[PDB]
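What follows is one structure encoded as C-alpha cells, with my remarks underneath.
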Amino acid sequence: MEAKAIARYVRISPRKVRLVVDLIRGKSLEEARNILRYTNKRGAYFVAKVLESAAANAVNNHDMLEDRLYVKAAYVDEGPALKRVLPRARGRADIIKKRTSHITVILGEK
Ligand SMILES: [Cl-]
Ligand SMILES: [Cl-]
Ligand SMILES: [Cl-]
C-alpha cells in the first residue's frame with residue numbers, strides 16, 4: 001500500500017525544487033516534515049504542502065497508520081513553460097521561457 005499526491009504548475013524552476021525533494025527521499029514522514037520545516041532552500045513550502053497532501057491521502061483515504069509512513073518516492077518533472085514577454089530589444093521580440101515544476105510525493109509503509 002502506498003499513497004500519492006501531486007502539485008502541478010509550481011512557479012519554481014525544476015532544478016531548485018529537485019534540490020529540496022532530494023533531502024526527503026527515503027526519510028520517514030516525521031523526519032521529512034522536520035527537514036522541510038527547517039530547510040533554507042527555496043521551494044520548501046511547496047514540497048511540504050505536497051507531503052501533507054500525500055499523508056492525508058494515506059491516513060484518511062487509505063487508512064494507513066501515520067507512524068509507519070516514509071517517503072518511498074519524491075521527484076520533480078518539468079512542467080509546461082511560461083513565455084514571459086520582455087520589452088522590445090533593438091526592434092526585436094524578446095521572449096524567455098520560465099519552466100514550472102510538477103511535484104510528486106509517494107508515501108509507503110516501512
Ligand atoms: Cl505540471
Ligand atoms: Cl527529481
Ligand atoms: Cl533530467
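Each chain in the C-alpha cells gets a letter, A, B, ..., in the order shown, and its residues are numbered from 1; ligands are numbered from 1 in order too.
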
Would you list the residues that come within 6 Å of ligand 1? Count only C-alpha atoms and all ligand atoms and give the answer as a list in words. residues 8, 9, 79, 101 and 102 of chain A

Could you save those same residues with N, CA and C atoms as a compact mmCIF listing (two decimals), in the first residue's frame?
# COMPACT_ATOMS: atom_id res chain seq x y z
N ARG A 8 0.91 20.58 -9.42
CA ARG A 8 1.24 20.99 -10.78
C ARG A 8 1.43 22.50 -10.93
N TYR A 9 2.15 22.88 -11.98
CA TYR A 9 2.39 24.28 -12.30
C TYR A 9 3.02 25.11 -11.19
N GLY A 79 7.43 20.86 -15.95
CA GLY A 79 6.04 21.13 -16.31
C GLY A 79 6.01 22.10 -17.48
N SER A 101 7.21 23.52 -12.26
CA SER A 101 7.57 22.22 -11.72
C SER A 101 6.34 21.38 -11.41
N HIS A 102 6.49 20.09 -11.64
CA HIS A 102 5.46 19.11 -11.41
C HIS A 102 6.07 18.26 -10.29

Protein and nucleic residues near ligand 2, 9 Å, only C-alpha atoms and all ligand atoms, as a count of residues only: 13

For residue 28 of chain A, list every protein, DNA or RNA residue within 8 Å, evaluated using only C-alpha atoms, and leave out those in the same chain fewer than 3 positions away; present the list as a list in words. residues 31, 32, 68, 69, 70 and 71 of chain A

Give me, as an MDAnalysis selection string, the residues of chain A that a backbone DSSP run labels strand (DSSP E). chainID A and resid 2:10 69:89 92:109

Would you put the residues from that selection into a file with N, CA and C atoms, as a tab-separated table (two decimals), in the first residue's frame?
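What landed in selection-v3.tsv:
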chain	number	residue	atom	x	y	z
A	2	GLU	N	0.48	2.22	-0.86
A	2	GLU	CA	1.17	3.49	-0.93
A	2	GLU	C	0.20	4.59	-1.34
A	3	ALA	N	0.48	5.81	-0.91
A	3	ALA	CA	-0.37	6.95	-1.20
A	3	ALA	C	0.42	8.02	-1.95
A	4	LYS	N	-0.21	8.59	-2.97
A	4	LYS	CA	0.42	9.60	-3.81
A	4	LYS	C	-0.28	10.97	-3.78
A	5	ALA	N	0.47	12.01	-4.12
A	5	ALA	CA	-0.04	13.37	-4.22
A	5	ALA	C	0.84	14.11	-5.22
A	6	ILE	N	0.24	15.01	-5.98
A	6	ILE	CA	0.95	15.75	-7.00
A	6	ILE	C	0.58	17.22	-6.95
A	7	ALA	N	1.55	18.07	-7.23
A	7	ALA	CA	1.31	19.50	-7.28
A	7	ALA	C	1.77	19.90	-8.68
A	8	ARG	N	0.91	20.58	-9.42
A	8	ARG	CA	1.24	20.99	-10.78
A	8	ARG	C	1.43	22.50	-10.93
A	9	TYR	N	2.15	22.88	-11.98
A	9	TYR	CA	2.39	24.28	-12.30
A	9	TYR	C	3.02	25.11	-11.19
A	10	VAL	N	3.90	24.52	-10.40
A	10	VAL	CA	4.56	25.27	-9.34
A	10	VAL	C	5.53	26.24	-10.00
A	69	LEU	N	4.58	5.59	7.94
A	69	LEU	CA	4.84	6.20	6.65
A	69	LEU	C	6.24	6.75	6.46
A	70	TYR	N	6.78	6.53	5.27
A	70	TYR	CA	8.09	7.06	4.91
A	70	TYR	C	7.97	7.50	3.45
A	71	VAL	N	8.88	8.36	3.02
A	71	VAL	CA	8.85	8.87	1.65
A	71	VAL	C	9.45	7.85	0.69
A	72	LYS	N	8.60	7.02	0.11
A	72	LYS	CA	9.05	5.98	-0.82
A	72	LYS	C	9.59	6.56	-2.13
A	73	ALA	N	8.98	7.64	-2.61
A	73	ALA	CA	9.42	8.29	-3.84
A	73	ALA	C	9.05	9.76	-3.75
A	74	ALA	N	9.93	10.60	-4.27
A	74	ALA	CA	9.72	12.04	-4.29
A	74	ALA	C	10.54	12.52	-5.48
A	75	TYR	N	9.89	13.15	-6.45
A	75	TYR	CA	10.59	13.62	-7.63
A	75	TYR	C	9.91	14.78	-8.31
A	76	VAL	N	10.67	15.48	-9.14
A	76	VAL	CA	10.18	16.64	-9.86
A	76	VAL	C	10.32	16.50	-11.37
A	77	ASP	N	9.21	16.66	-12.08
A	77	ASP	CA	9.18	16.58	-13.53
A	77	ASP	C	9.07	18.00	-14.06
A	78	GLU	N	9.56	18.22	-15.27
A	78	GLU	CA	9.48	19.53	-15.89
A	78	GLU	C	8.02	19.73	-16.32
A	79	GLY	N	7.43	20.86	-15.95
A	79	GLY	CA	6.04	21.13	-16.31
A	79	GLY	C	6.01	22.10	-17.48
A	80	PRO	N	4.83	22.53	-17.96
A	80	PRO	CA	4.76	23.47	-19.09
A	80	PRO	C	5.49	24.77	-18.79
A	81	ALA	N	6.01	25.42	-19.82
A	81	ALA	CA	6.75	26.65	-19.63
A	81	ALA	C	5.85	27.86	-19.76
A	82	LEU	N	6.27	28.96	-19.15
A	82	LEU	CA	5.52	30.21	-19.22
A	82	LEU	C	6.40	31.12	-20.06
A	83	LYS	N	5.86	31.63	-21.16
A	83	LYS	CA	6.62	32.51	-22.06
A	83	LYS	C	6.53	33.99	-21.68
A	84	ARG	N	7.43	34.44	-20.81
A	84	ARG	CA	7.47	35.82	-20.33
A	84	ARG	C	7.91	36.79	-21.42
A	85	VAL	N	7.07	37.80	-21.67
A	85	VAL	CA	7.34	38.80	-22.69
A	85	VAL	C	8.12	39.99	-22.16
A	86	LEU	N	9.30	40.22	-22.72
A	86	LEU	CA	10.14	41.35	-22.31
A	86	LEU	C	10.01	42.52	-23.28
A	87	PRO	N	10.44	43.72	-22.86
A	87	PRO	CA	10.32	44.85	-23.78
A	87	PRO	C	11.12	44.62	-25.06
A	88	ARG	N	10.64	45.18	-26.16
A	88	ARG	CA	11.31	45.07	-27.46
A	88	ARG	C	12.78	45.43	-27.30
A	89	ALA	N	13.64	44.67	-27.96
A	89	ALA	CA	15.06	44.92	-27.87
A	89	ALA	C	15.61	45.14	-29.28
A	92	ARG	N	13.44	43.96	-31.92
A	92	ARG	CA	13.04	42.56	-31.92
A	92	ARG	C	12.35	42.04	-30.67
A	93	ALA	N	11.54	41.00	-30.88
A	93	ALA	CA	10.80	40.34	-29.80
A	93	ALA	C	11.77	39.68	-28.84
A	94	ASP	N	11.54	39.89	-27.55
A	94	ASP	CA	12.39	39.32	-26.52
A	94	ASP	C	11.53	38.44	-25.60
A	95	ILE	N	11.56	37.12	-25.83
A	95	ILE	CA	10.76	36.17	-25.04
A	95	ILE	C	11.59	35.12	-24.31
A	96	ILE	N	11.42	35.01	-23.00
A	96	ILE	CA	12.15	34.00	-22.25
A	96	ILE	C	11.19	33.00	-21.61
A	97	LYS	N	11.56	31.72	-21.67
A	97	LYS	CA	10.75	30.64	-21.12
A	97	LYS	C	11.06	30.43	-19.66
A	98	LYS	N	10.01	30.36	-18.85
A	98	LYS	CA	10.17	30.12	-17.44
A	98	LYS	C	9.44	28.81	-17.20
A	99	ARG	N	10.19	27.79	-16.79
A	99	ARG	CA	9.64	26.46	-16.54
A	99	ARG	C	8.95	26.32	-15.20
A	100	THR	N	7.88	25.54	-15.18
A	100	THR	CA	7.16	25.28	-13.94
A	100	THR	C	7.59	23.88	-13.47
A	101	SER	N	7.21	23.52	-12.26
A	101	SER	CA	7.57	22.22	-11.72
A	101	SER	C	6.34	21.38	-11.41
A	102	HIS	N	6.49	20.09	-11.64
A	102	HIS	CA	5.46	19.11	-11.41
A	102	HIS	C	6.07	18.26	-10.29
A	103	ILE	N	5.48	18.34	-9.10
A	103	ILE	CA	5.99	17.63	-7.93
A	103	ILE	C	5.17	16.41	-7.50
A	104	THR	N	5.85	15.28	-7.32
A	104	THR	CA	5.20	14.05	-6.89
A	104	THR	C	5.83	13.51	-5.62
A	105	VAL	N	4.99	13.12	-4.67
A	105	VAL	CA	5.47	12.53	-3.43
A	105	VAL	C	4.63	11.27	-3.22
A	106	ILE	N	5.30	10.15	-2.97
A	106	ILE	CA	4.61	8.90	-2.73
A	106	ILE	C	5.01	8.37	-1.36
A	107	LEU	N	4.01	8.12	-0.52
A	107	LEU	CA	4.26	7.59	0.81
A	107	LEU	C	3.94	6.10	0.82
A	108	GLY	N	4.80	5.33	1.48
A	108	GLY	CA	4.61	3.90	1.60
A	108	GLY	C	4.80	3.48	3.05
A	109	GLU	N	4.57	2.20	3.35
A	109	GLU	CA	4.74	1.68	4.71
A	109	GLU	C	6.06	0.97	4.78

In segment 13-83 of chain A, DSSP helix (DSSP H, G or I) residues written as a count of residues only: 42
